[PDB]
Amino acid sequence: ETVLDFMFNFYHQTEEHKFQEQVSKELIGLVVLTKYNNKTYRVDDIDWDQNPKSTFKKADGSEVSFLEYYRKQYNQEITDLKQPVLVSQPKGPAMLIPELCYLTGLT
């Protein structure tokens, strides 16, 4: 089960803000496993202003959309474009796609 699945499954709210706050509450603080790389991340935040077509600056300095990144690097097609991105703070943050992340128990 992916994080995107979890959003449309664990709680259903017709009020958009109530949906966004409850999903934000349910997810922030959970460890997620990416399907394309054996790495785990803590959900620090959910960025509703960004979607899979949003871009980021790579280590080599080139700008690519998340859609482009995961197709090129991992050959993972992001089908849903209306979803937000997950923020993970380390120590720039790692933006994660719900559709590309599994779930885990966490603190």
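Residue positions are given as counts along the sequence shown, with the first one as 1.
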Task: Deposited-sequence gap flanked by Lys91 and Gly92 - done: 10 or more
Task: Selected stretch [higher average CA B-factor]: 79 to 87 or 13 to 21 - done: 13 to 21
TODO: Would you check the entry's CA temperature factor for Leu100 and let me know if it's in the chain's lowest, middle or highest third?
DONE: lowest
Open item on the list: Which third, lowest, middle or highest, does the C-alpha temperature factor of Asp47 belong to within its own chain?
Closed with: middle
